[PDB]
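Report on the following structure.
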């Protein structure tokens, strides 16, 4: 009646360098070789030197390859036994979910590209004062002579929450914003010269700053084969896709496929050091378990634990779980606890903070009925 | 299967080697002395006026 499933929002595809070069089909191995102009070095002699020779400099221009190497598709197999009496409107019950699925897959592709880049080091964000971390991020990317324009800053939900909670932005006297956009709203627009963009695709407690020429996305719409009954050019997030439906008679079920060809590249420098983007991670100091002490439904009951640090990030996947009394109940490595006997047990969750040192410890009590 | 003969296109998207921005030369006192050729050892002497005490 209007209740829709909760789904993410698309920010990342518009914030990367998409299709600077297109003719991938004209090159061997589908690799286009981008060249970089050469630079040289001068030399210094001494006046009136008896030695009258000159050191000859050299002009060497490097290059790197961009390749199409992935084929993102969403394939649906529904039989004509369900097409004419189950789906009422095709263009809103199957086509739109398929397009949204491909769009989210492309966003995840870009997010893996951003997070998977070979960052040399991570800049720590102190939750008490977050501005020094971002100014340091701006400073690291200025020592590499990266241009000051076309820089994008994408923060996770946790970093945005910490920015709003920061007294540098929350207190009007400490920020000069005599409207407290960080108090009346939770928004912190401009920061250290960088426009903050909130996102959920990236890890919740991380932020990424990158120049426009740091990541390259290449897209190609597969050409619709002449041998297909259907065929369209649905567009998702400004990236056209190929939709192809074939009425296969192998099992009397028509199949559909919505696909595109994708390629990613990180623009490393000539010395193989990545300096056109930096990453920041929110610093953590303690962890707790939501729900506190609880009780299972049965003696063999199962409950999925959930650990949150002081920042509020779900750190369940990054914790090691131990049971004080495994004879009554045990806990999986993923946080799920199963009781094996009635009685009390103590569960310890350990999380190494993202700055090194002794891991934080959170202890909870589980009463298996 | 099919074998195609394709070139190896080279593109220039706009990625260039990063380099410093030249600032310093416009700030230092440049060329107050020019007649370096007509002097011994290519050295021009500068005489600072004297001061005294009472």
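Chains as they are written, first to last, in the deposited numbering: chain r, 14 to 382; chain q, 2 to 55.
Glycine is no exception: its CB is placed at the ideal position from the N, C-alpha and C atoms.
With the criterion set as a beta carbon lying under 7 Å from some beta carbon of chain q, the members of the region 35-46 of chain r are 36, 39, 40, 41, 45, 46, in sequence order.
Around the beta-carbon of residue 224 of chain r, 16 or more other beta-carbon atoms lie within 10 Å, marking it buried. Using a Cβ distance threshold of 9 Å, residue 127 of chain r and residue 295 of chain r do not count as a contacting pair.
Cβ-Cβ separation between residue 254 of chain r and residue 234 of chain r: approximately 7 Å, consistent with a contact (criterion under 8 Å). Contact between the region 64-79 of chain r and the region 239-248 of chain r is absent, with fewer than three C-beta pairs closer than 8 Å. Under the Cβ criterion of 9 Å, residue 60 of chain r is counted among the residues facing chain q. At least one beta carbon of chain r lies nearer than 9 Å to the beta carbon of residue 19 of chain q. Residue 30 of chain r sits buried, since 16 or more C-beta atoms from the chains shown fall within 10 Å of its C-beta. For residue 14 of chain q, the chain r residues whose Cβ falls inside 7 Å of its Cβ are 33, 34, 47, in order along the chain.
Distance from the CA atom of residue 246 of chain r to the CA atom of residue 237 of chain r, rounded to whole angstroms, is 9 Å.
Distance from residue 348 of chain r to residue 319 of chain r at the Cβ level is roughly 7 Å; contact confirmed, criterion being Cβ atoms closer than 8 Å. At least one CB of chain r lies nearer than 9 Å to the CB of residue 11 of chain q. By the Cβ rule, the region 177-191 of chain r does not count as touching the region 94-101 of chain r, because fewer than three pairs are nearer than 8 Å. Residues of chain r with a Cβ closer than 8 Å to the Cβ of residue 8 of chain q are, in chain order, 39, 40, 41. Cβ contact annotation for residue 306 of chain r (same chain, cutoff 8 Å, sequence separation greater than five): 377, 378, 379, 380, in chain order. From the listed residues r/328, r/270, r/301, r/304, the smallest Cα separation to residue 115 of chain r is found for r/270. Taking CB atoms only, residue 50 of chain r has a neighbour in chain q less than 9 Å away. Taking a cut-off of 8 Å for Cβ pairs, the region 37-52 of chain r and the region 9-16 of chain q touch, as three or more such pairs fall below it. Taking 9 Å as the CB threshold, residue 158 of chain r lines the interface with chain q. Going by DSSP, residue 178 of chain r is part of the alpha helix (DSSP H) stretching over 170-178. Not flagged as an interface residue toward chain q: residue 54 of chain r, since no C-beta distance is shorter than 9 Å. Of the residues r/123, r/181, r/360, the one whose Cα lies closest to the Cα of residue 140 of chain r is r/181. Taking 3 residues as the shortest admissible run, the region 258-318 of chain r contains the following complete beta strand (DSSP E) segments, listed from N- to C-terminal end: 268-279, 290-295, 300-302, 315-317. Cβ neighbours of residue 51 of chain r within its own chain (closer than 7 Å, five residues either side excluded): 72, 73, 74. Taking a cut-off of 8 Å on C-beta distances, the region 330-341 of chain r does not touch the region 149-168 of chain r, as fewer than three cross pairs fall below it. With contacts defined as CB atoms closer than 9 Å, residue 214 of chain r and residue 124 of chain r qualify as a contacting pair.
A direct Cα-Cα distance of roughly 7 Å separates residue 252 of chain r from residue 232 of chain r. For residue 221 of chain r, there is no enclosing alpha helix (DSSP H); the enclosing beta strand (DSSP E) covers residues 219-224. Under the 10 Å beta carbon count, residue 322 of chain r is surrounded by 16 or more other beta carbons and is classified as buried.
Identification of chain q residues near residue 85 of chain r by a Cβ-Cβ cut-off of 8 Å yields none; the smallest Cβ-Cβ distance measures about 22 Å. When the Cα atoms are used, residue 44 of chain q and residue 23 of chain q turn out to be separated by approximately 28 Å.
Residue burial annotation: residue 111 of chain r is buried, with at least 16 other C-beta atoms found within 10 angstroms of its C-beta. If the five residues before and after residue 166 of chain r are omitted, its C-beta is found closer than 6 Å to the C-beta atoms of 207, 209, 222, all from its own chain and listed in chain order.
Using a Cβ-Cβ cut-off of 9 Å, residue 280 of chain r counts as an interface residue toward chain q, since at least one Cβ of chain q sits closer than that to its own. In terms of beta-carbon proximity, residue 376 of chain r stays away from the interface with chain q, with every pair separated by 9 Å or more.
The C-alpha of residue 324 of chain r is placed about 22 Å away from the C-alpha of residue 203 of chain r.
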